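Step one of this worksheet: look at the structure below.
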Amino acid sequence: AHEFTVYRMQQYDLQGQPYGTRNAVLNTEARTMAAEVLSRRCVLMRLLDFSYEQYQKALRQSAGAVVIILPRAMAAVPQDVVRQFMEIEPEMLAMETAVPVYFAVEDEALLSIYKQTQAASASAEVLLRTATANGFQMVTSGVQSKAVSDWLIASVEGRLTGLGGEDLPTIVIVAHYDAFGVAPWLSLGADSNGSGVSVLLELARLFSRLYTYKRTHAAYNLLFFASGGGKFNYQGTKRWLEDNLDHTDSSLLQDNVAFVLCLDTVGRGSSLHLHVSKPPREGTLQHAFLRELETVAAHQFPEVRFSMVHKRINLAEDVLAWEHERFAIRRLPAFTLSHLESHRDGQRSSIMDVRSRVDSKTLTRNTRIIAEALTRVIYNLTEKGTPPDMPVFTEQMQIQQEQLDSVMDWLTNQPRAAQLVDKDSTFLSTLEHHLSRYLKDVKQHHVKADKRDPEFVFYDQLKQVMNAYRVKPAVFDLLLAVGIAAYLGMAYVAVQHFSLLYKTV
Amino acid sequence: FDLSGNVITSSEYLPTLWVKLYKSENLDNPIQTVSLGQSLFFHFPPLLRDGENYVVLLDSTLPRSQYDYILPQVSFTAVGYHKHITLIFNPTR
Amino acid sequence: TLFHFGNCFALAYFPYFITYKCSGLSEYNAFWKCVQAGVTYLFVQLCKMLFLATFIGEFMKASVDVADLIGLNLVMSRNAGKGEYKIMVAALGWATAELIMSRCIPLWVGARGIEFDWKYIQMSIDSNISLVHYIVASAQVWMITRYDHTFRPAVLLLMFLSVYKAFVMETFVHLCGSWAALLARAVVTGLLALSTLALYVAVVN
């Protein structure tokens with residue numbers, strides 16, 4: 001009786017409409033992928049043979065549950081299969097499946113049970129098959145998922161005062177540290193915005209280094225925002241931008257707000273794309289920064305192809321595409337930087353985004369590019385000389401590769417889904433400490449559920465443990481009963497047989 | 001020097017840890033005892049960079065009587081400009 | 001798996017009922033005699049647990065075997081009648097005690113559920129062969145009694161030495177499959193059964 005831990009599919013609700021699987025109780029047999037009834041039976045598929053047509057057939061057959069045995073290494077898997085699992089994910093996720101779906105990890109006993117289930121499912125012959133019918137029944141633990149109603153989505157915010165004056169423009173940079181995949185407990189999210197927020201930390205360090213010294217204390221208020229509630233329609237940004245605009249009258253989100261950068265999945269890859277909701281106006285700070293960025297990317301580092309992406313704001317999509325969209329909604333200059341090119345790509349989320357998928361060299365180079373562009377635009381350097389054919393960050397300010405790698409490793413160390421990173425988890429605590437060492441006015445915004453037309457209601461029971469109980473049908477046991485009955489008849493004869501044998505001697 | 005450096009360990013072991021800055025010349029007189037507390041990141045106040053071999057002995061409060069562990073030790077002779085010591089702490093028993 | 005629990009119970013208890021009805025229970029109405037034998041068996045089990053606490057595996061097994069043999073001898077002296085029938089009144093009581101012991105309670109707590117381990121049916125088989133094991137034990141007890149001649153003390157000492165055969169076979173299997181181990185125990189127990197019946201046909205005189 002194996003006792004493994006099965007991670008369910010997402011069960012979040014947004015704006016009142018549900019999403020993902022909506023069930024967390026199963027007690028059925030384990031009938032893997034076969035031409036049998038497959039109804040009211042747990043279906044076992046392996047990632048190596050998990051076809052979408054098969055999955056849609058499974059869903060149409062109203063299975064009791066679906067369990068996927070992810071490969072244990074999850075890195076030695078061929079990259080093409082990885083691409084297929086990337087391509088299957090957005091379509092798989094966007095549904096209201098009412099049947100629990102659990103994802104497991106390869107195990108010796110798990111492989112054995114999968115093999116046995118495959119043998120029994122696929123397959124004198126009828127009675128022999130009934131006699132050797134070792135088909136296990138899988139049951140889960142706990143109760144159905146309940147809407148966790150008192151989850152405070154966190155958000156870490158820090159400021160950076162300019163040099164002198166109360167009207168300094170306040171550039172704001174955000175990155176949602178969280179990342180949800182098709183499995184919240186498996187959503188490490190390394191190449192996703194967990195890799196843009198990492199660059200933000202180095203920028204935080206670097207800009208702290210830049211602001212710490214008087215001679216480099218630029219006159220530009222900087223509001224950094226390690227937002228929570230990211231791929232979840234950017235709720236953390238929604239609530240934060242709301243609280244600093246309509247609730248209060250203070251805060252820099254009203255003073256002289258310049259362009260608001262947002263960083264996500266800006267890691268691996270040789271192409272950089274700056275997505276915009278609306279084209280930058282020529283002459284403004286956004287346009288000036290874009291010119292600096294193009295000059296740098298054309299002069300400093302020619303190895304990356306760069307191109308703006310101008311996606312018009314769409315108020316029909318489930319999510320607000322990039323993150324700068326929520327900022328541009330509140331008449332605030334913003335744009336998102338990413339190594340990706342299309343928002344429609346299911347390259348985000350991506351539980352497949354293991355740590356080994358974000359190259360450290362690309363991260364250092366991307367950080368160099370962005371930070372140097374920001375430095376040039378902030379310090380009025382463009383109208384100061386400084387040709388873009390030579391960098392700022394050579395020594396004494398070099399982007400710490402070790403720091404970037406270690407931070408990324410730590411980030412990937414644990415799942416970063418918004419429903420599992422508590423508002424006081426050690427992950428958040430370590431992040432806040434790291435940010436506190438570099439920023440000013442660091443705090444933690446929280447969004448509960450709005451308690452009216454719930455913007456989001458996370459559910460629980462995501463890391464359930466499932467039992468593989470051995471069992472055989474009653475027909476086998478009836479056959480065993482017939483065998484023992486024959487033996488008992490023999491026993492009835494044996495008494496007189498032994499009496500006669502003793503008499504004979 | 002602006003020292004830094006994360007720590008790789010389980011969450012529950014974090015409050016019972018204090019990273020050290022044992023100077024190389026004397027390993028019995030620590031010069032910094034930043035407690036990790038609840039954050040997997042120590043940010044030792046900036047030091048000067050001139051040789052100065054140091055130690056980062058991870059001095060936990062957890063005794064061997066109920067758990068088995070080995071405290072890491074890192075030397076980072078101060079000649080550079082930053083550091084991201086990445087102590088990995090996985091006690092047993 | 002309640003019906004499996006039913007099948008295992010049918011395998012274990014029913015042969016006991018068969019022996020009860022095929023051994024002339026009405027000859028003495030052995031319910032009281034069986035109860036006395038069972039009380040003695042429980043007492044012997046208590047004595048063995050106390051002795052094990054007082055006093056590696058061989059010493060405990062020897063103490064348990066000695067206590068069981070002593071209890072059987074006392075129980076046998078407690079009643080008078082047919083030699084085959086005292087054999088029965090001793091063996092049946094002790095065997096019912098063994099089934100009622102920790103070879104029925106696990107069958108209740110286990111089984112009847114969702115899990116299926118062959119252990120329960122194997123235990124029922126072993127309990128059924130325990131019937132003939134206690135038959136052998138009763139034969140040894142009767143041989144100790146029923147007068148003394150014809151190298152009888154040598155055979156009695158050999159039979160006493162052969163007791164605790166279960167522990168010896170268990171140790172061998174531990175040093176050495178479950179179905180294979182059960183089969184080996186079955187064959188050795190059958191060998192002791194045939195040795196005891198050979199002794200019986202030798203002693204009938």
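For the structure tokens, the naming scheme is as follows: chains receive sequential letters (A, B, ...) according to their order of presentation, residues are indexed from 1 within each chain, and ligands are indexed from 1 in presentation order.
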Distance cut-off 9 Å, counting only C-alpha atoms - which residues of chain C neighbour chain A? Return them as JSON, numbers by chain. {"C": [1, 3, 4, 7, 8, 10, 11, 14, 15, 18, 19, 22, 23, 114, 115, 116, 117, 197, 198, 200, 201]}
Could you dump the residues just selected with N, CA and C atoms as a compact mmCIF listing (two decimals), in the first residue's frame?
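That gives us part.txt:
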# COMPACT_ATOMS: atom_id res chain seq x y z
N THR C 1 -13.25 -5.82 2.06
CA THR C 1 -12.89 -7.22 1.86
C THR C 1 -13.50 -8.05 2.97
N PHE C 3 -15.87 -10.14 2.65
CA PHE C 3 -16.14 -11.50 2.22
C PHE C 3 -14.85 -12.31 2.19
N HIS C 4 -13.71 -11.64 2.03
CA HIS C 4 -12.43 -12.31 2.21
C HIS C 4 -12.24 -12.71 3.66
N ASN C 7 -14.14 -15.77 4.00
CA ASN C 7 -13.47 -16.93 3.43
C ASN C 7 -12.36 -17.42 4.34
N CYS C 8 -11.60 -16.50 4.91
CA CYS C 8 -10.52 -16.90 5.81
C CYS C 8 -11.09 -17.55 7.06
N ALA C 10 -13.91 -19.16 7.24
CA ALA C 10 -14.37 -20.46 6.81
C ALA C 10 -13.22 -21.44 6.69
N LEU C 11 -12.06 -20.94 6.29
CA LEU C 11 -10.88 -21.79 6.21
C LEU C 11 -10.38 -22.18 7.58
N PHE C 14 -13.79 -23.62 10.52
CA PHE C 14 -14.62 -24.75 10.13
C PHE C 14 -13.91 -26.08 10.32
N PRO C 15 -12.64 -26.25 9.97
CA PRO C 15 -12.00 -27.54 10.25
C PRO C 15 -12.04 -27.88 11.72
N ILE C 18 -15.31 -29.29 12.33
CA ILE C 18 -15.33 -30.62 11.73
C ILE C 18 -14.70 -31.61 12.69
N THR C 19 -13.57 -31.24 13.27
CA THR C 19 -12.92 -32.12 14.23
C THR C 19 -13.80 -32.30 15.47
N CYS C 22 -16.47 -34.71 14.51
CA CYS C 22 -15.97 -35.98 14.01
C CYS C 22 -15.16 -36.72 15.06
N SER C 23 -15.05 -36.15 16.25
CA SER C 23 -14.27 -36.73 17.33
C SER C 23 -15.17 -37.18 18.47
N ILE C 114 -10.10 -2.86 2.62
CA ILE C 114 -9.84 -2.57 1.21
C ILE C 114 -8.56 -3.26 0.77
N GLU C 115 -7.65 -3.45 1.71
CA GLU C 115 -6.35 -4.03 1.44
C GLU C 115 -6.48 -5.54 1.23
N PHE C 116 -5.52 -6.11 0.51
CA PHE C 116 -5.48 -7.55 0.31
C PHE C 116 -4.04 -8.03 0.36
N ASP C 117 -3.65 -8.56 1.51
CA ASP C 117 -2.38 -9.24 1.66
C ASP C 117 -2.62 -10.73 1.84
N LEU C 197 2.40 -40.50 14.53
CA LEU C 197 1.47 -41.60 14.28
C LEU C 197 2.22 -42.93 14.19
N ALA C 198 3.45 -42.91 13.68
CA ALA C 198 4.26 -44.12 13.69
C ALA C 198 4.52 -44.56 15.12
N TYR C 200 2.56 -43.95 17.54
CA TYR C 200 1.27 -44.41 18.05
C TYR C 200 1.01 -45.85 17.64
N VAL C 201 1.27 -46.19 16.38
CA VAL C 201 1.02 -47.56 15.94
C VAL C 201 2.05 -48.49 16.58
Residues of region 39-178 of chain A in strand (DSSP E or B), written as a ChimeraX atom specification: /A:42-46,65-70,101-105,137-140,147,153,155-159,170-174
Would you write out, as a tab-separated table, a table of all residues in region 131-230 of chain A that have an atom no more than 6 Å from an atom of region 265-272 of chain A, listing for each the closest atom pair and the distance in Å to one decimal, considering only C-alpha atoms and ordering rows by chain and rising residue number?
residue	atom	partner	partner_atom	distance
A:191	CA	A:265	CA	5.4
A:192	CA	A:265	CA	4.2
A:193	CA	A:265	CA	4.9
A:195	CA	A:265	CA	6.0
A:196	CA	A:266	CA	5.7
Please produce an output containing N, CA and C atoms for each residue in the selection, written as a PDB file, in the first residue's frame.
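The file below, part06.pdb, is the result:
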ATOM      1  N   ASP A 191      12.161  30.665 -14.729  1.00  0.00           N
ATOM      2  CA  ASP A 191      12.339  31.579 -15.851  1.00  0.00           C
ATOM      3  C   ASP A 191      11.226  32.610 -15.945  1.00  0.00           C
ATOM      4  N   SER A 192      10.139  32.424 -15.209  1.00  0.00           N
ATOM      5  CA  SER A 192       9.061  33.397 -15.149  1.00  0.00           C
ATOM      6  C   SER A 192       9.525  34.582 -14.311  1.00  0.00           C
ATOM      7  N   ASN A 193       8.582  35.441 -13.924  1.00  0.00           N
ATOM      8  CA  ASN A 193       8.959  36.675 -13.254  1.00  0.00           C
ATOM      9  C   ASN A 193       9.770  36.462 -11.991  1.00  0.00           C
ATOM     10  N   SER A 195      12.475  35.346 -12.250  1.00  0.00           N
ATOM     11  CA  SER A 195      13.719  35.793 -12.842  1.00  0.00           C
ATOM     12  C   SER A 195      13.740  37.266 -13.210  1.00  0.00           C
ATOM     13  N   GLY A 196      12.630  37.985 -13.095  1.00  0.00           N
ATOM     14  CA  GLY A 196      12.718  39.401 -13.381  1.00  0.00           C
ATOM     15  C   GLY A 196      12.882  40.157 -12.087  1.00  0.00           C
TER      16      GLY A 196
END
Taking only region 1-153 of chain C into account, list the residues labelled helix (DSSP H, G or I) by DSSP (computed from the backbone), as an MDAnalysis selection string. chainID C and resid 2:22 25:27 31:54 57:78 83:100 105:109 119:144 152:153
Quick one: residues within 6 Å of region 46-52 of chain B, only C-alpha atoms counted, chain neighbours fewer than 5 positions away excluded, as a PDB file with C-alpha atoms, in the first residue's frame?
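Output file result38.pdb follows:
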ATOM      1  CA  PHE B   1      32.890  45.353   0.931  1.00  0.00           C
ATOM      2  CA  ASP B   2      29.125  45.161   1.506  1.00  0.00           C
ATOM      3  CA  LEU B   3      28.969  41.516   2.455  1.00  0.00           C
ATOM      4  CA  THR B  77      39.629  36.914   1.920  1.00  0.00           C
ATOM      5  CA  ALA B  78      38.434  40.505   1.494  1.00  0.00           C
ATOM      6  CA  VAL B  79      39.981  41.929  -1.660  1.00  0.00           C
TER       7      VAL B  79
END
Expressed in Å, the length from CA of residue 326 (chain A) to CA of residue 225 (chain A) is 13.7 Å
Only residues of chain A matter here; which ones have an atom within 7 Å of chain B, counting only C-alpha atoms? Give them as a VMD selection string. chain A and resid 396 402 to 403 406 426 429 to 430 433 to 434
Counting only C-alpha atoms, the residue of B:65, B:24, B:32, B:73 that sits nearest residue 87 (chain B):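 Among B:65, B:24, B:32, B:73, it is B:73 that comes nearest to residue 87 (chain B).
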For residue 45 (chain A), please output as a list in words all residues within 8 Å (counting only C-alpha atoms; exclusion window: fewer than 2 positions along the same chain).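 Residues meeting the cut-off are residues 32, 33, 43, 47, 49, 50, 66, 67, 68 and 69 of chain A.
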Please produce a file of the residues just selected, as a CSV table (one decimal), in the first residue's frame, where the atoms kept are N, CA, C and O atoms.
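Contents of part_12.csv, freshly written:
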chain,number,residue,atom,x,y,z
A,32,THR,N,-5.7,2.8,-15.6
A,32,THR,CA,-4.9,3.6,-16.5
A,32,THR,C,-5.5,3.6,-17.9
A,32,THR,O,-6.5,3.1,-18.2
A,33,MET,N,-4.7,4.2,-18.8
A,33,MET,CA,-5.2,4.5,-20.1
A,33,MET,C,-5.5,3.3,-20.9
A,33,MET,O,-4.5,2.6,-21.4
A,43,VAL,N,-7.6,7.6,-13.5
A,43,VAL,CA,-6.8,7.3,-14.7
A,43,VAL,C,-5.4,7.7,-14.5
A,43,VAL,O,-5.1,8.9,-14.1
A,47,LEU,N,3.9,11.3,-18.1
A,47,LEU,CA,4.2,12.4,-18.9
A,47,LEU,C,4.8,12.0,-20.2
A,47,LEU,O,4.6,12.8,-21.2
A,49,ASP,N,3.8,9.7,-22.2
A,49,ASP,CA,2.7,9.3,-23.1
A,49,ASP,C,1.4,10.0,-22.7
A,49,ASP,O,0.3,9.5,-22.7
A,50,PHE,N,1.5,11.3,-22.5
A,50,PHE,CA,0.3,12.1,-22.1
A,50,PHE,C,-0.1,12.9,-23.3
A,50,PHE,O,0.3,14.0,-23.5
A,66,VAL,N,-7.7,12.0,-12.4
A,66,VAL,CA,-6.6,11.8,-13.4
A,66,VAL,C,-5.3,12.0,-12.6
A,66,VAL,O,-5.1,13.1,-12.0
A,67,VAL,N,-4.4,11.1,-12.7
A,67,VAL,CA,-3.2,11.2,-12.0
A,67,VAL,C,-2.1,11.0,-13.0
A,67,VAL,O,-2.1,10.1,-13.9
A,68,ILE,N,-1.1,12.0,-13.0
A,68,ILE,CA,0.0,12.0,-13.9
A,68,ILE,C,1.3,11.8,-13.1
A,68,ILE,O,1.6,12.6,-12.2
A,69,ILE,N,2.1,10.8,-13.6
A,69,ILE,CA,3.3,10.5,-12.9
A,69,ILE,C,4.4,11.2,-13.6
A,69,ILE,O,4.9,10.8,-14.6
Just the residues within 9 Å of residue 2 (chain C), please, counting only C-alpha atoms, with nothing from its chain fewer than 3 positions along; format it as a ChimeraX atom specification. /C:5-7,111-114
Can you tell me which residues surround residue 51 (chain C) at a distance of at most 12 Å, considering only C-alpha atoms, apart from same-chain residues fewer than 4 positions away, and format the answer as a ChimeraX atom specification? /C:44-47,55,59-67
